[PDB]
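This report concerns only the one structure given below.
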Number of protein chains: 2
Amino acid sequence: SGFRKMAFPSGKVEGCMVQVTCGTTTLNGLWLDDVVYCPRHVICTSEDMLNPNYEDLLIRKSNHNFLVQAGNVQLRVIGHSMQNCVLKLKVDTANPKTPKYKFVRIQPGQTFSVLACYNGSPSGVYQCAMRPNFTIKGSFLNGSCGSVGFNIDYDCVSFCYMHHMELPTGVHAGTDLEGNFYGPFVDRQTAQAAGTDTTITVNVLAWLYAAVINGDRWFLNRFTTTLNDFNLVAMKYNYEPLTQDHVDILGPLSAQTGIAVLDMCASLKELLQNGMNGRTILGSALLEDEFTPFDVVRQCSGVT
Amino acid sequence: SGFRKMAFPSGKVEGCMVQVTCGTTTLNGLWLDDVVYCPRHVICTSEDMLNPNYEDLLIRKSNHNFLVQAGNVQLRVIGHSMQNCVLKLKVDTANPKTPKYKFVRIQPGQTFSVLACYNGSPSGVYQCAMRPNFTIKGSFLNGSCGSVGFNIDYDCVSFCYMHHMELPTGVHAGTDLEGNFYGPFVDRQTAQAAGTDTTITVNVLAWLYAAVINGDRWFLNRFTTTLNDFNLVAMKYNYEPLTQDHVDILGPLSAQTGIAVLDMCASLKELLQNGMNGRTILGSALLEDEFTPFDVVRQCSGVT
Ligand SMILES: O=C1C[C@H](NC(=O)[C@@H]2CCOc3ccc(Cl)cc32)CCN1
Ligand SMILES: O=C1C[C@H](NC(=O)[C@@H]2CCOc3ccc(Cl)cc32)CCN1
């Protein structure tokens, strides 16, 4: 028993991290097979970031201007190309530690692990959610760009995120591994509105099921609700509307606990209306939304 | 910016995990050099756990009864010995992936990363603290025994914990890598009192400094206090007494923020007396105590 904000083991991703330098800018790259993926703003100086013309900036760069270092050894760059907001540096050596991998574009509300890196070196790993507004609340300092987010299914690493920037609000924005930003963000140093963030309702319900499985049950009540009644409450509290698709994904947890999804919704409704009254759920005094129903099943069943 | 409950990258530890089976019991082992370390209760059946005589049980076991599997390959056991509550299985092959390592016995209030494993396979990594009462609030299911806790300083892994059991209260108990339990716990299936847990005051203060650095400042007040006045409040709220050693360790954070340690104590005093009034600090509605002053400096400076 016990419930923790668990990240995937990061080893398969640590073996892919490299340092990419172009001019005076250094950031992290992802080496998979004979390609190194990194944010295209590696070609910018601090002055360039205000209004960069990436096509024009990249034209002043040759293969030899991209310095790629994997640990202590230097990689030979034989090709370079821009795909959306990422640079793909073709190298002459395939990464011997390339795990089985896929590039995936995750949905808002889905979770993933982030391996924070600096100078191609891993410093830490944490679990987070892609917010409904397509930002992530990470922990990233200067030099963290190019750090990646991922999920792991047995031996296959699904890379879903590459870090690019921190908004003036302190939240983070990035791309998928094809270089397409999540959200309306652009890779420019300009004021960018993230938009209203909402709570991931299906994740809060999943976490409430995790709480019941692990013994925290004080919040269970004698009430029930309907999807429409629940959603009137969810709208007032900036929770995303719960759909029958969300109810269906909660099915296994509803089956394991014997608590109907709509009864759990009534517990959530009462918690939203009355607060926790100084109490905690799984060591938290707020409603946690960074665990998907899949994460709860996985952690409660010990999938390796 | 941003502050997360970050674990160390787990790769160096993933390369050490093995599966150990003895009879019908399977758990995780740690393979370092030519030795595999695992909980001695691997030799027990469920019936044995009520009142085991480990010396007598181990006498019925030979090297060939210990099945050690590293991924798909079987290790040859050439020696076995019990050291406190751990078994040391000498194998004929040194682990080629053995990182630079040390065995350390951490202090209560110190933090570490846990690589949760099942059948010698890693499932997740999370950061936690050794509670003042020498328990850990983990996430461990059946088969997780032998999973280890560790810290990483650049290339050196300091193993500090090996998981052994879950108390009837749902908290976890284990040993250092010499097999000495943290706390008064014994490796028997009997009711075991963990004792009063207290909040790690120096860690809460460190996390309050992390909050100020990262922009959350609403809790800063116009007050100050003394160590003695603060400790009267800490005693009432089951916080561990703050000493001048704790103040000294907060020195770098006090220097970076320009907020005197005793002024931060007065903020903590007011938070303890008045609560958060529905507000949050670093995305938490409670006072977080699982970040040491070292963790806050490390995360705020990007140590890899
Ligand atoms: O998460 C981080 C990264 C951050 N660095 C950026 O955000 C750069 C510099 C600012 O101007 C910009 C503007 C756009 C882009 Cl894509 C990057 C950047 C430093 C602190 N933490
Ligand atoms: O963290 C865990 C581990 C736990 N297994 C034990 O606690 C075993 C069996 C119970 O009786 C005992 C009693 C003592 C010892 Cl050392 C181990 C054990 C299963 C659930 N999660």
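Identifiers in this document derive from the order of the structure tokens: chains are assigned A, B, ..., residues are numbered from 1 separately in each chain, and ligands are numbered from 1 in order of occurrence.
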Output chain A, superimposed onto chain B using in-order Cα pairs, as a compact mmCIF listing (two decimals) with C-alpha atoms, in the first residue's frame:
```
# COMPACT_ATOMS: atom_id res chain seq x y z
CA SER A 1 11.95 28.20 -11.92
CA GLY A 2 9.42 25.72 -10.50
CA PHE A 3 9.83 23.30 -7.61
CA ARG A 4 9.18 19.55 -7.86
CA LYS A 5 9.58 16.45 -5.66
CA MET A 6 12.47 15.25 -7.77
CA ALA A 7 14.14 11.88 -7.54
CA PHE A 8 17.70 11.13 -8.72
CA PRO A 9 18.02 9.58 -12.19
CA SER A 10 17.67 5.83 -11.51
CA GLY A 11 19.76 4.31 -14.32
CA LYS A 12 22.82 3.41 -12.23
CA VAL A 13 20.53 1.54 -9.79
CA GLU A 14 18.38 -0.14 -12.51
CA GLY A 15 21.58 -1.84 -13.74
CA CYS A 16 21.98 -3.45 -10.27
CA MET A 17 18.48 -4.90 -9.82
CA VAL A 18 18.09 -8.67 -9.86
CA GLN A 19 15.37 -11.19 -8.91
CA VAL A 20 16.09 -13.53 -6.01
CA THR A 21 13.98 -16.64 -5.45
CA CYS A 22 14.31 -19.09 -2.61
CA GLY A 23 11.76 -21.85 -2.52
CA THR A 24 8.45 -20.22 -3.33
CA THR A 25 9.43 -16.66 -2.29
CA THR A 26 10.62 -14.11 -4.82
CA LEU A 27 11.88 -10.60 -4.13
CA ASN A 28 14.43 -8.06 -5.41
CA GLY A 29 18.16 -8.15 -4.85
CA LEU A 30 20.93 -5.59 -5.41
CA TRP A 31 23.89 -6.87 -7.46
CA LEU A 32 27.11 -4.89 -6.81
CA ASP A 33 30.48 -6.35 -7.82
CA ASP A 34 30.22 -10.17 -7.18
CA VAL A 35 27.63 -9.87 -4.35
CA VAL A 36 23.79 -9.84 -4.39
CA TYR A 37 22.15 -8.18 -1.33
CA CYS A 38 18.55 -8.99 -0.44
CA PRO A 39 16.23 -9.15 2.61
CA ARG A 40 16.89 -12.31 4.62
CA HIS A 41 13.13 -13.06 4.73
CA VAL A 42 13.50 -14.38 1.16
CA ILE A 43 14.17 -17.76 2.93
CA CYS A 44 10.77 -17.62 4.73
CA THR A 45 7.40 -18.94 3.63
CA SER A 46 4.30 -16.89 4.70
CA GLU A 47 3.90 -19.23 7.73
CA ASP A 48 7.56 -18.67 8.82
CA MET A 49 7.13 -14.88 9.05
CA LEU A 50 5.01 -15.03 12.24
CA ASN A 51 8.02 -16.03 14.35
CA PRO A 52 11.06 -16.88 12.18
CA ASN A 53 14.34 -18.31 13.45
CA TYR A 54 16.51 -17.02 10.60
CA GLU A 55 19.66 -18.90 11.68
CA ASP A 56 17.69 -22.22 11.69
CA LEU A 57 15.86 -21.45 8.43
CA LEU A 58 19.09 -20.48 6.62
CA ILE A 59 20.77 -23.76 7.71
CA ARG A 60 18.23 -25.67 5.56
CA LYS A 61 19.37 -23.64 2.47
CA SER A 62 22.36 -24.19 0.16
CA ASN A 63 23.89 -21.95 -2.58
CA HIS A 64 21.83 -23.78 -5.25
CA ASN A 65 18.54 -22.93 -3.41
CA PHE A 66 19.07 -19.20 -4.11
CA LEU A 67 17.95 -18.44 -7.64
CA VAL A 68 19.37 -15.14 -8.83
CA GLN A 69 18.28 -13.82 -12.20
CA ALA A 70 19.60 -10.62 -13.81
CA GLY A 71 17.23 -9.87 -16.71
CA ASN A 72 17.19 -13.10 -18.70
CA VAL A 73 20.48 -14.57 -17.39
CA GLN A 74 20.98 -16.72 -14.36
CA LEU A 75 23.79 -15.97 -11.87
CA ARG A 76 25.79 -18.79 -10.28
CA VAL A 77 25.72 -18.56 -6.43
CA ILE A 78 29.02 -19.61 -4.87
CA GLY A 79 28.52 -18.33 -1.31
CA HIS A 80 25.82 -17.21 1.08
CA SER A 81 25.89 -15.39 4.38
CA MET A 82 23.60 -13.47 6.67
CA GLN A 83 24.60 -10.01 7.90
CA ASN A 84 21.95 -8.67 10.32
CA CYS A 85 18.64 -8.74 8.27
CA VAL A 86 20.25 -9.02 4.80
CA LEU A 87 21.55 -12.02 2.86
CA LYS A 88 24.76 -11.60 0.83
CA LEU A 89 24.87 -14.04 -2.05
CA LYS A 90 28.33 -14.31 -3.53
CA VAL A 91 28.05 -14.88 -7.28
CA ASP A 92 30.76 -15.97 -9.77
CA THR A 93 30.30 -12.86 -12.00
CA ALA A 94 30.89 -9.21 -11.08
CA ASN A 95 28.01 -6.96 -12.22
CA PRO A 96 29.42 -5.24 -15.35
CA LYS A 97 27.07 -2.31 -14.69
CA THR A 98 28.26 -1.77 -11.07
CA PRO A 99 28.39 1.99 -10.56
CA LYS A 100 30.81 3.68 -8.08
CA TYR A 101 29.01 3.11 -4.79
CA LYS A 102 28.99 3.41 -1.04
CA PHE A 103 26.73 2.04 1.68
CA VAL A 104 25.53 4.81 3.98
CA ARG A 105 23.26 4.86 7.02
CA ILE A 106 21.23 8.05 6.64
CA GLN A 107 19.89 10.18 9.46
CA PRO A 108 16.16 10.71 10.16
CA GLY A 109 14.88 13.71 8.19
CA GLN A 110 17.28 12.98 5.29
CA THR A 111 15.79 12.29 1.87
CA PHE A 112 16.48 9.66 -0.78
CA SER A 113 15.15 8.21 -4.00
CA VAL A 114 13.46 4.81 -4.07
CA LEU A 115 13.50 2.60 -7.15
CA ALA A 116 10.40 0.40 -6.65
CA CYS A 117 10.98 -3.02 -8.26
CA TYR A 118 9.02 -6.29 -8.77
CA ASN A 119 10.65 -9.58 -9.90
CA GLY A 120 13.97 -7.73 -10.29
CA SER A 121 12.29 -5.25 -12.70
CA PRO A 122 12.06 -1.52 -12.03
CA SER A 123 8.57 -0.03 -12.07
CA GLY A 124 9.03 3.46 -10.71
CA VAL A 125 11.10 6.01 -8.89
CA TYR A 126 10.04 8.49 -6.24
CA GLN A 127 11.62 10.75 -3.63
CA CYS A 128 10.86 10.40 0.05
CA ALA A 129 12.24 11.18 3.52
CA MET A 130 13.31 8.87 6.32
CA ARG A 131 10.73 9.99 8.92
CA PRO A 132 11.93 11.10 12.40
CA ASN A 133 10.31 7.82 13.60
CA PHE A 134 12.47 5.82 11.08
CA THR A 135 9.59 4.75 8.84
CA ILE A 136 9.16 5.80 5.20
CA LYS A 137 5.80 6.59 3.56
CA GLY A 138 6.40 4.67 0.35
CA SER A 139 4.43 2.96 -2.36
CA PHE A 140 5.20 -0.75 -2.06
CA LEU A 141 3.17 -3.82 -3.05
CA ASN A 142 3.82 -7.58 -2.57
CA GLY A 143 7.11 -8.43 -4.30
CA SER A 144 8.60 -4.94 -3.69
CA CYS A 145 10.92 -6.19 -0.89
CA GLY A 146 14.58 -5.70 -1.71
CA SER A 147 13.79 -2.43 -3.58
CA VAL A 148 16.45 0.16 -2.57
CA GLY A 149 16.74 3.82 -1.58
CA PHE A 150 19.76 5.86 -2.60
CA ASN A 151 21.35 9.25 -3.19
CA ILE A 152 23.70 10.12 -6.10
CA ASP A 153 26.72 12.49 -5.90
CA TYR A 154 27.86 12.93 -9.56
CA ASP A 155 29.03 9.33 -10.39
CA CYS A 156 28.77 7.74 -6.90
CA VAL A 157 25.60 5.99 -5.70
CA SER A 158 25.17 5.96 -1.92
CA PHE A 159 22.75 3.17 -1.12
CA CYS A 160 21.00 3.97 2.14
CA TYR A 161 17.87 1.82 2.27
CA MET A 162 16.58 -1.65 1.45
CA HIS A 163 12.83 -2.28 1.74
CA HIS A 164 11.70 -5.09 4.05
CA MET A 165 8.15 -4.61 5.30
CA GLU A 166 4.93 -2.74 5.58
CA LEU A 167 3.61 -2.11 9.10
CA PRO A 168 -0.13 -2.70 9.77
CA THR A 169 -0.41 1.14 9.71
CA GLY A 170 0.54 1.24 6.00
CA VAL A 171 3.99 2.84 6.50
CA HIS A 172 7.24 1.11 5.50
CA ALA A 173 10.28 -0.19 7.35
CA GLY A 174 13.59 -1.35 6.12
CA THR A 175 17.30 -1.53 6.65
CA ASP A 176 20.60 0.05 5.61
CA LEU A 177 22.76 -2.13 3.23
CA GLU A 178 24.46 -3.81 6.23
CA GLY A 179 20.96 -5.16 7.16
CA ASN A 180 20.44 -3.02 10.25
CA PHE A 181 16.83 -1.83 10.52
CA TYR A 182 16.13 1.87 10.73
CA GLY A 183 14.08 2.20 13.93
CA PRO A 184 13.00 -0.46 16.40
CA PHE A 185 11.54 -2.74 13.76
CA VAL A 186 12.18 -6.47 13.50
CA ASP A 187 11.62 -8.66 10.42
CA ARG A 188 8.64 -10.57 11.91
CA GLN A 189 4.91 -10.43 11.13
CA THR A 190 3.93 -9.00 14.45
CA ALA A 191 2.32 -5.72 15.56
CA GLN A 192 5.03 -3.07 15.62
CA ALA A 193 4.66 0.45 17.00
CA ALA A 194 6.28 3.09 14.79
CA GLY A 195 6.09 5.83 17.41
CA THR A 196 5.08 9.47 17.11
CA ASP A 197 6.02 11.02 13.85
CA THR A 198 7.06 14.61 13.83
CA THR A 199 7.44 17.15 11.05
CA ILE A 200 11.03 17.76 9.90
CA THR A 201 11.22 21.47 10.78
CA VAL A 202 14.53 22.20 9.00
CA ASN A 203 13.06 20.68 5.80
CA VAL A 204 9.88 22.81 6.04
CA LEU A 205 12.06 25.94 6.43
CA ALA A 206 14.19 24.86 3.45
CA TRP A 207 10.99 24.42 1.37
CA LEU A 208 9.77 27.87 2.50
CA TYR A 209 13.09 29.28 1.17
CA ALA A 210 12.45 27.32 -2.10
CA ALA A 211 8.98 28.98 -2.22
CA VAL A 212 10.46 32.51 -1.85
CA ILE A 213 13.12 31.82 -4.57
CA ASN A 214 10.38 30.51 -6.90
CA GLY A 215 8.02 33.47 -6.29
CA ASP A 216 5.52 32.28 -3.64
CA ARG A 217 5.95 34.96 -0.96
CA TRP A 218 2.45 35.64 0.51
CA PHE A 219 3.48 33.90 3.81
CA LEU A 220 6.40 36.27 4.52
CA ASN A 221 5.53 38.54 7.44
CA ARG A 222 6.82 41.58 9.42
CA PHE A 223 7.72 39.36 12.40
CA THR A 224 10.72 37.64 13.87
CA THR A 225 11.16 35.09 16.68
CA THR A 226 13.87 33.38 18.78
CA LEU A 227 14.89 29.67 18.67
CA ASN A 228 13.28 29.19 22.11
CA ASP A 229 10.01 30.97 21.20
CA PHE A 230 9.84 29.10 17.85
CA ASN A 231 10.47 25.73 19.59
CA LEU A 232 7.56 26.34 22.02
CA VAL A 233 5.32 26.52 18.89
CA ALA A 234 7.14 23.57 17.20
CA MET A 235 6.56 21.37 20.31
CA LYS A 236 2.81 22.12 20.28
CA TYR A 237 2.55 21.18 16.58
CA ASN A 238 4.74 18.03 16.74
CA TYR A 239 7.55 19.66 14.80
CA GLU A 240 11.09 18.57 15.67
CA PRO A 241 13.00 21.21 17.72
CA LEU A 242 15.13 23.52 15.59
CA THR A 243 18.77 23.69 16.69
CA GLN A 244 21.65 26.03 15.76
CA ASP A 245 22.95 23.12 13.56
CA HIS A 246 19.71 23.39 11.51
CA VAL A 247 20.09 27.21 11.35
CA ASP A 248 23.68 26.75 10.10
CA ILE A 249 22.57 24.33 7.38
CA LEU A 250 19.93 26.91 6.26
CA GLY A 251 22.74 29.54 5.97
CA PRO A 252 23.18 29.33 2.16
CA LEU A 253 19.40 29.74 1.62
CA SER A 254 19.24 32.60 4.12
CA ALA A 255 22.18 34.20 2.22
CA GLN A 256 20.61 33.75 -1.26
CA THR A 257 17.20 35.14 -0.20
CA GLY A 258 18.36 37.76 2.29
CA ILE A 259 15.72 36.39 4.75
CA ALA A 260 17.20 35.70 8.21
CA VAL A 261 16.50 32.11 9.43
CA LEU A 262 14.66 33.43 12.51
CA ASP A 263 12.44 35.65 10.31
CA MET A 264 11.57 32.53 8.24
CA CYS A 265 10.83 30.77 11.57
CA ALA A 266 8.32 33.57 12.39
CA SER A 267 6.60 32.96 9.02
CA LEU A 268 6.48 29.22 9.90
CA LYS A 269 5.13 30.05 13.39
CA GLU A 270 2.32 32.16 11.86
CA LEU A 271 1.52 29.41 9.32
CA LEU A 272 1.36 26.83 12.13
CA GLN A 273 -0.89 29.04 14.24
CA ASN A 274 -3.20 30.33 11.47
CA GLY A 275 -3.05 27.71 8.71
CA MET A 276 -2.91 28.59 4.99
CA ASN A 277 -6.42 30.24 4.88
CA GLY A 278 -7.23 28.30 1.69
CA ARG A 279 -3.96 29.29 -0.02
CA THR A 280 -1.08 27.19 -1.44
CA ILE A 281 2.75 27.21 -1.32
CA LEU A 282 4.54 25.62 -4.29
CA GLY A 283 1.31 23.85 -5.29
CA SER A 284 0.77 22.40 -1.80
CA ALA A 285 -1.92 23.19 0.79
CA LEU A 286 0.26 21.76 3.59
CA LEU A 287 3.77 22.41 4.91
CA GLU A 288 6.10 20.10 2.91
CA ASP A 289 8.94 18.42 4.86
CA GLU A 290 10.51 16.05 2.28
CA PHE A 291 13.07 18.50 0.90
CA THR A 292 16.30 18.98 2.87
CA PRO A 293 18.23 22.31 2.67
CA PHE A 294 20.71 20.41 0.39
CA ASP A 295 17.87 19.31 -1.94
CA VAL A 296 16.61 22.90 -2.20
CA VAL A 297 20.13 24.24 -3.07
CA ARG A 298 20.68 21.35 -5.56
CA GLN A 299 17.34 21.81 -7.35
CA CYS A 300 17.68 25.59 -7.37
CA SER A 301 21.27 25.37 -8.81
CA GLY A 302 20.85 22.40 -11.24
CA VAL A 303 23.47 19.95 -9.92
CA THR A 304 23.89 16.99 -12.31
```
I'd like to know which residues of segment 26-275 of chain A are strand (DSSP E) (by DSSP, run on the backbone); could you write them as a VMD selection string? chain A and resid 26 to 32 35 to 39 66 to 70 73 to 75 77 to 83 86 to 91 100 to 103 111 to 118 121 to 129 148 to 153 156 to 166 172 to 175
